[PDB]
Amino acid sequence: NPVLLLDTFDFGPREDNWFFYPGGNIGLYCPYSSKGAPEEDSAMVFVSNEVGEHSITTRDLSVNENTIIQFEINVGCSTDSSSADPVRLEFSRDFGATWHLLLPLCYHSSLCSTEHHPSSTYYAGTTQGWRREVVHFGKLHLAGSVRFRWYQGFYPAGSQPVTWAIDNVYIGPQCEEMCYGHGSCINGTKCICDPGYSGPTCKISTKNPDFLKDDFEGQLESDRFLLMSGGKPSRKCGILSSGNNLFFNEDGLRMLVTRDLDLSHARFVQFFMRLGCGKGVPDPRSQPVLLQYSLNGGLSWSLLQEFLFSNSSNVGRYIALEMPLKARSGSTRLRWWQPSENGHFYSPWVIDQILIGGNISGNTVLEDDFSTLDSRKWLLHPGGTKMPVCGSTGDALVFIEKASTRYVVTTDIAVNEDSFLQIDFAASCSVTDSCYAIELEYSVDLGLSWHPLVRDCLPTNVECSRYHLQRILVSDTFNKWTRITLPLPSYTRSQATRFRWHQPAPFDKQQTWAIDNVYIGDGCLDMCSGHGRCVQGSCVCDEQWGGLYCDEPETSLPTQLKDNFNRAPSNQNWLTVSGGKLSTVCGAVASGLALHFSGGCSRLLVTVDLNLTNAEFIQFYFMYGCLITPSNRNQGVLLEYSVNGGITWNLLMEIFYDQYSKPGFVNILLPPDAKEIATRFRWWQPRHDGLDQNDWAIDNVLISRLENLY
Amino acid sequence: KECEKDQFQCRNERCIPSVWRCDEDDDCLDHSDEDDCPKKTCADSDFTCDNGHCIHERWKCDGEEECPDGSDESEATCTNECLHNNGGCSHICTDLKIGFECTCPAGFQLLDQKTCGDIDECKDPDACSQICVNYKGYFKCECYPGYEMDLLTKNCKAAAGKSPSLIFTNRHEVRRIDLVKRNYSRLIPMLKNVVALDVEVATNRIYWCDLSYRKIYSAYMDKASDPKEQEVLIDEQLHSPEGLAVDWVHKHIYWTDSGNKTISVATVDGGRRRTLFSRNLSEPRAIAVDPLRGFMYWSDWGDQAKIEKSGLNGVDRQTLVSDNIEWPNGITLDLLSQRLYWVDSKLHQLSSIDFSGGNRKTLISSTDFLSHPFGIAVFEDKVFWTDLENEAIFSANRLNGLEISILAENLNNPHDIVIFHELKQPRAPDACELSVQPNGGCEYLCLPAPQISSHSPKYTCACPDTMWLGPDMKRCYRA
Ligand SMILES: *[C@@H]1O[C@H](CO)[C@@H](O)[C@H](O)[C@H]1NC(C)=O
Ligand SMILES: *[C@@H]1O[C@H](CO)[C@@H](O)[C@H](O)[C@H]1NC(C)=O
Ligand SMILES: *[C@@H]1O[C@H](CO)[C@@H](O)[C@H](O)[C@H]1NC(C)=O
Ligand SMILES: [Ca+2]
Ligand SMILES: [Ca+2]
Ligand SMILES: [Ca+2]
Ligand SMILES: [Ca+2]
Ligand SMILES: [Ca+2]
Ligand SMILES: [Ca+2]
Ligand SMILES: [Ca+2]
Ligand SMILES: [Ca+2]
């Protein structure tokens, strides 16, 4: 007859609530807390010593759709998950004749609904301490009168099952809004809230994290995961080269629930997952992994993605999933669950590198100088350390340690017509004169596919207006800290483009690199004229450069350049001299010594910025093949000029590979377009067959007007 | 020729990245960077393979290679008597193949020969932050008066009201950092050369010492920046005082001086003064007082490095630490759980010890975060310290040694640091005032005595440096 039920077990057992309890004698179970906050409450305690039946039945009580069963269970008190001797919550509608499980095991493979969840059976090994379980009646098809059982089984003498216990049982009406999932409803009138949560309904609490990451480190206490059921930290069949992962080998419950997170503006959930660890194909009767989300602290769950086992699900795979509108809450938790009817599993599965986050409100800027390694900007960065190096300004992100994987992934940003990319990059700082490059990439599909940012555009191809190699970040030219500024090409435009710096395997530990002062955005103007850095939407001019947009020059720039290559190249004349050195090997190009480009790596010759407003010509001597002749058109040196401090160059001459077999005299009128106040020139060879081959040489350079004559 | 900061110098005069020290690659070419590298034993019950790589015991002996050389899978690795009557075992039993084995569960793991008894958890200092009560098979933490147990976290926090600050010297200024808020302010601007400071919370006074003017000063904090409101306490007979300590109960200042090579005491007004120790002091640095039990503690980094301990009247001097100690130059007390904290600038460590001198614990041993540490402070669950190489103040969890944060940086000379909070300075009775005669009968100084038995003397008198205590034990006799 009665409307509710209630028993704390703290003040003995209570006759009228129960019919009987074979094997449970009031006492103390799983009292421990390593954080010193123990459970001292008394509970029903069905020991593995009591002989015969282990169970507890209630007296018949009247019930409708508002009724909830709320209680604290503890099965086993350890983390060896097992499907042996689970505790079932069954109901009898036939005066205790035959019993049915109160929840069925609903999933796509029954009194079921659309939603997927496990049955009311509680397996051993799911937590250390006491868990709180709550069942609702609204969508069960129950009204009238019924009695309930917590059942474990009939057991012989000498047969030791798992221990279990139960406290704080309540079978009455629900509270106002179900205490928001973070409170123990009492008498249907009173919410007894959970720590951190306040107010009559438990509505008031601190704002949630908007981001989450767990690569899986040895400090696995942290309050990121509400439970890690049947899942262990491991290195077995790692998907990372040699990272640390989470392994689900044991049978029992297999769940993974996050804490409640602020997902109100989240873009993505991403992770690596291998559905089947071994050599052969995992068998087609293995239960799929379901990724779910709760809006209300875990009373009801929606499906994000089902993950089926197959012939091709044998090796690690990167998963990335856009966040649905119906999942963006102030409080939303996600869960990974593998269903099982008996609790036994066939195939084991593994997970690593879980990231949840992103900001879908169309942010168009990402800035950093590396005071902090804000990992909601830099999602991933294996083999990277925050530290100074090579006389970096403050810290850089540095790839220097011994590791078998070196890359760094930005979070997503909106790229448009005015977006540009600017970084400080540096390689080995003279430590090793090896030749290597770092791949700079981009993705518009949350890193499911990475594409090179810049591609080879050479004058052979007539539909190229600017010419440039794909390998921008080479170790000889960027030996010490240098600035790169790229306008962002139209194929990168989107709402959510992310970027990567990748060092492809293999590499030596000694082939190091670093990045500092990253700006990827649409701010400032003119990209600071090439003589600046965008810092918080304002240009920070270079030494000797002023103006709002860094275009007013402070000192006088040289109006003439001249080198006969008698002494090693001066930085008074030359910004960069890569792959070339003084020699007489080339016979006599113009006169005596010449600068000879015969290097294994980059062949680059760039001038300082010059005031060319009243200069007339650029002239030099040139010679090919003092050792080996160039064979392709694409081995021909190009002479370009920049007027934006090296951001975009303009071709002025292709020095064709088939001429200049004998030393020749180049002498060109400067196009009106190059006679600006700050102009530099480069000579570079796009392609060559390595050291000592397809070489060239320059002598008697002179950029100038005609002399006054006396 | 030396190497730059973050390099390691090989024996053949060559510099490599110091992060290539001990990673099993010969980078020097003469194996130098891979000599005397510390070996590896793992966590609690983890198996050490033949090369030192750490795997859980359960992966060992299963046919699969875990260690990079694969040596857990050679034959020098491995080896129901159990359910029936439990077969001699008391609690948790599992049947092994060559013999059975018997282990315990959480809260009681101590076993004589495979029978289990309770863990006494309170035989570890850092089991609870504050109060620890031991039960059978578990334990419970409580809070000292003035502290409330925060139910969301693990920790005993201070009762709500005025929030903790950090006060510290930047050598030419003094700075205050709020802790609940981030309100970062300059408390005194413009000092010449100041490394030592302490505070009297309840009267809101700051005491500091200048090594170049050779004086000890004092001001109220609301007026500390006004040069006129800074009072000179001592202006004679100082060389180089590098440590200060205020006894708030009994109204005395204690200081070290590594120039004169002495330890001294004076009234807060600076009007009456005695040298307490002259002998066996080389480079005395930091000093801290425990006025509730009548003690003072200090450090020195002379050839023989010590943390020493004596009465507040400067009797009963004993050495407290003399092993694994090089350059200890920061010292602080947890008065309630009777625990002392120090930093060592050479050994790069942060350690702790009982007031008695045992239960010694190396909390932090990081050459990255403790390059050249100086000042040290303690409150609730966190330890703070200043570093001179990292130009910063760090925090950390003082129970385990983990959770190392970085509280402020970009600080050129961050020397000494104190927690300004009411609870760091408990109220206590002053016996020189609950006395038959005023000032305990004394003609000059009344110094608190060390309480060794429950009935010790509570105080003792002291005379100027140029005078002797008479036979009445209370008057001063001239020379
Ligand atoms: C998301 O981006 C907007 C700018 O579009 C910004 O105002 C907001 O604070 C951001 N929130 C987070 C959590 O990044
Ligand atoms: C460039 O040269 C001209 C003279 O030909 C001079 O008037 C002008 O100021 C110069 N500007 C710079 C930036 O050197
Ligand atoms: C301490 O040092 C000062 C010199 O700095 C000197 O005048 C004074 O007499 C010394 N006192 C003692 C006790 O050594
Ligand atoms: Ca109870
Ligand atoms: Ca990992
Ligand atoms: Ca920087
Ligand atoms: Ca020449
Ligand atoms: Ca090495
Ligand atoms: Ca193994
Ligand atoms: Ca056996
Ligand atoms: Ca105990």
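Restricting to DSSP loop positions (anything but H, G, I, E, B) with no more than 12 other Cβ atoms inside 10 Å of their own Cβ, which trypsin sites (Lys or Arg not before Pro) remain in segment A:555-636?
A:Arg567
What spacing in nm lies between the two simple spin-label points modelled at B:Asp23 and A:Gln572, each 7 Å away from Cα in the Cβ direction?
Between B:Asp23 and A:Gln572, the simple spin-label model gives 4.2 nm.
Give the residue list of GluC sites (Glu not before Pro) in segment B:346-419 that are DSSP loop and have at most 10 other beta-carbon atoms within 10 angstrom. Mind showing how you got there, number by number?
Details: sites: B:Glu380, B:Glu389, B:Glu391, B:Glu403, B:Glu409; in loops: B:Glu380, B:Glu389, B:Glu391, B:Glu403, B:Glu409.
Qualifying residues, ordered by number: none.
Is the shape of segment A:362-555 best called rounded, prolate or oblate, per the rule: a/c under 1.5 gives rounded, else a/b larger than b/c gives prolate, else oblate, with a ≥ b ≥ c the square roots of the Cα gyration tensor eigenvalues? Display every interim value, and only then the final one.
Details: a/c = 1.28, a/b = 1.16, b/c = 1.10.
Rounded, since a/c falls under 1.5.
Within 10 Å of each residue's Cβ, count the other Cβ atoms and sort A:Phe19, B:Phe295 from fewest upward.
Numbers: A:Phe19 12, B:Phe295 19.
Placing the least packed residue first, the sequence is A:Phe19, B:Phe295.
Beyond 22 Å between alpha-carbons counts as too far, so tell me which of A:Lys402/B:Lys382; B:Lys40/B:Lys361; B:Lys157/B:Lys251; A:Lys279/B:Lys60; B:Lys181/B:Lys251; B:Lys157/B:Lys458 fall in that bin.
Details: A:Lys402/B:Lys382 33 Å; B:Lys40/B:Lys361 20 Å; B:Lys157/B:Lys251 28 Å; A:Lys279/B:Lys60 20 Å; B:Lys181/B:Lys251 32 Å; B:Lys157/B:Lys458 33 Å.
Too far apart for the 22 Å limit: A:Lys402/B:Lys382; B:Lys157/B:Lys251; B:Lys181/B:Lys251; B:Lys157/B:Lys458.
Cα to Cα, under 18 Å, and not fewer than 8 places away if on the same chain: which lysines meet these conditions relative to A:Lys581?
Cα-Cα hits under 18 Å: A:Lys562.
Over segment B:395-461, what is the relative contact order in percent, taking alpha-carbon pairs closer than 8 angstrom and at least six residues apart?
Working: 49 pairs, mean separation 11.7, N = 67.
Worked out over segment B:395-461, it gives 17 percent.
Give me B:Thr466, A:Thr497 ranked fewest to most by other Cβ atoms within 10 Å of their Cβ, as a rough exposure proxy. Don't jump to the answer; show the numbers that get you there.
On the way: B:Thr466 8, A:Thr497 21.
Ranking B:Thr466, A:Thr497 by Cβ neighbours within 10 Å, fewest first, gives B:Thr466, A:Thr497.
With r defined as the distance between the Cβ atoms of A:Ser242 and B:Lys361 and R0 fixed at 45 Å, what FRET efficiency is calculated, to the nearest 0.05?
Details: r = 33 Å, r/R0 = 0.74.
That pair, A:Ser242 with B:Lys361, gives E of 0.85.
Can you return the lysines within cross-link range of A:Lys190? Criterion is Cα-Cα under 28 Å, with same-chain partners fewer than 8 residues away left out.
Within the straight-line cut-off, A:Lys190 pairs with A:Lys139, A:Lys203, A:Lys207, B:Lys154.
What average number of partner chain Cβ atoms lie no more than 10 Å from the Cβ of the residues making up B:17-26?
Numbers: counts 9, 0, 6, 5, 0, 0, 4, 1, 4, 0.
Going residue by residue through B:17-26 and averaging, the value is 3.
With a cap of 10 neighbouring Cβ atoms within 10 Å, and only residues DSSP puts in a loop, list the trypsin sites (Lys or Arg not before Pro) found in segment A:157-231. Don't jump to the answer; show the numbers that get you there.
Details: sites: A:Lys190, A:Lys203, A:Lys207, A:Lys213, A:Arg224; in loops: A:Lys203, A:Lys207, A:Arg224.
Those that pass, being in a loop and sparsely packed, are A:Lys207.
Arranged by the count of other C-beta atoms within 10 angstrom, fewest first, what order do B:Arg273, A:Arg333, A:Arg59 take? Show your work: numbers first, answer last.
Details: B:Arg273 19, A:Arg333 23, A:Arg59 14.
By the 10 Å Cβ count, ascending, the order reads A:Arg59, B:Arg273, A:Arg333.
Normalised by the number of residues in segment A:362-555, what is the relative contact order in percent for Cα pairs under 8 Å and 6+ residues apart? Each step should come with its number before you reach the end.
Values: 448 pairs, mean separation 57.0, N = 194.
Over segment A:362-555, the number comes to 29 percent.
Shape verdict for segment B:304-350, please, from the Cα gyration tensor: rounded (a/c under 1.5), prolate (a/b greater than b/c) or oblate.
Working: a/c = 2.56, a/b = 1.37, b/c = 1.87.
Cα axes put segment B:304-350 in the oblate bin.
Let me make sure I get this right: for the protein assembly as shown, a, b and c are the square roots of the gyration tensor eigenvalues over alpha carbons, sorted descending. Under 1.5 in a/c it's rounded, otherwise prolate if a/b > b/c, else oblate. Which is it?
It is oblate, given that a/c is not under 1.5 and a/b is not larger than b/c.
Virtual Cβ from ideal backbone geometry, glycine too; neighbours counted across all protein chains shown. Any read-out appearing in this document is the output of simple, stated calculations on the displayed coordinates, not a laboratory observation.
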